[PDB]
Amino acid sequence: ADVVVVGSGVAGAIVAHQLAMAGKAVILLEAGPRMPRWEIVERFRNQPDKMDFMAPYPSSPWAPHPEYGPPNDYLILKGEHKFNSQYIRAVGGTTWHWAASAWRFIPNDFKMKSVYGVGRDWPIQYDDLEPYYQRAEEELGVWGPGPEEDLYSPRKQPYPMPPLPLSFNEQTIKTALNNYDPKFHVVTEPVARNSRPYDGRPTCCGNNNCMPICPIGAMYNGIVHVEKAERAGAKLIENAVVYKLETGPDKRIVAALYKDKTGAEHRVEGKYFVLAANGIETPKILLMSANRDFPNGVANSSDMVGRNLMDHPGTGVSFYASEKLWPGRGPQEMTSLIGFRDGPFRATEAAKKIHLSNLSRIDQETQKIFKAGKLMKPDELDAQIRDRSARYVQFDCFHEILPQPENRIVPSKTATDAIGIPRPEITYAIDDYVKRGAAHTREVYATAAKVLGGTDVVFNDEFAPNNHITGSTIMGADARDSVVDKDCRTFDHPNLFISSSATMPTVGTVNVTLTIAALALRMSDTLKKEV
């Protein structure tokens, strides 16, 4: 048919929906299987570690994905730091398990290099995206605050929904933190989650389970736009793991080759080709599609496919407050501290967004008590459970990392999954850029502790993954240090587009999936023009 889309994630399904609604014929190819939510929920209830957010999504042998309890070793992580990030390989993809935080980038984020000298600018500026952000916000179903809180991204319409009330936890802390220093600027977090019945989905009931699933789909999952794109007339073939894009005599793509769960090779021809396979499996189809007129791997005449790969290095603190706060009432995250999202310093350091957890801590605090190996009367035990799971506060952040071409993903010459497809070999390091911010990030934590009567203060100074797989096919000016034009079309192949965070020259200071949806809608507009 007319358009072939690889990846039933959010990025792929938004495109597939837009173009299938315009009556044009579409084929959506998914590596992994179609699994419903009642199944994920059941696998969730039955799993022993309820902090493992990858654990209720089976790593299919034909379309594996990273697991870490225990490690399934699917990724080869060489370098100086583990790129141990998570992603799902099933219909609807990784927005099955996200916290549904739906931020826009700020104006500097697009002109990092010009403004700060570091990093590397985008072709497009904030204001080309803004109208596209707004439709993203409507399409996902984003709640966020009105004009009483500046988020620093210039709005034209207001947020489709208002926030629900903060938890006593998140509100008390927002008040105390902003009262110690209003520079911190704790705000209500914009989120793809319902404060009222919306686009057919129900209102949020406070399941506290946002990652790794909603039982009710009160928050947005990519599966929403799959079931949409399907009703528009797109053809869903799941268990179709694409390993090759074939080039033709005009420097254009002409088919995508894909294997089934058997490893039996199949072919699908189309007029246009969108690649939405997360910021790893996407380069991994590019470098693996090398051939006659395209030696160095499809769309990669810049040497840039798989390079300048980024995520937000994470750093945290934990403590028991002096005041009972009761995390785990309402959504898992409702509140973020954005005081450092921007400023002068971003030429020396990484910016961050810090965020308070509102996650239920009964399991963690009950386990902790039993490790003290002291038998107590049922009444002390129950008292101490309620006290500890009432006062626990935890903070976490996203530092920015800049697009370095050393940091990269390549298919393995050696390593192979159960059906012949080479495997991700990510190399990755964290420079003093990120580390010099994180030293300051950790002074904020030390202060926050002291404000809230902090006891048992532990700093978590190991950089944690944050699942923002961004940069791997950087968009830019011209094809001699870039893979894609400002329109997220590949400089080499005129009928190939990349719907993914792979297209993003900067990771910035916030969850990037909104921005992914911005570009996915923006692209869908462009391609609709083409016959």
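Residue indices: 1-based, along the sequence shown.
Averaged over CA atoms, B-factors in the entry run higher in 472-480 than in the other of 31-39 and 472-480. In this crystal structure, the stretch out of 341-349 and 326-334 whose C-alpha atoms carry the higher mean B factor is 341-349. As recorded in the PDB entry, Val274 shows the highest C-alpha B-factor of the residues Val274, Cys205, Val458, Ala372. Within the listed group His312, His440, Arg292, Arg423, the record reports its top CA B-factor for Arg292. Looking at the C-alpha B-factors along this chain, the one for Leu245 belongs to the highest third.
Ranked within its chain, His97 lands in the lowest third, by CA B factor from the PDB record. Remark: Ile385 belongs to the lowest third of its chain, ranked by C-alpha B-factor as recorded. Per-chain ranking of the deposited C-alpha B factor places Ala16 in the middle third. Among the modelled residues of the chain, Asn46 sits in the lowest third by CA temperature factor in this PDB entry.
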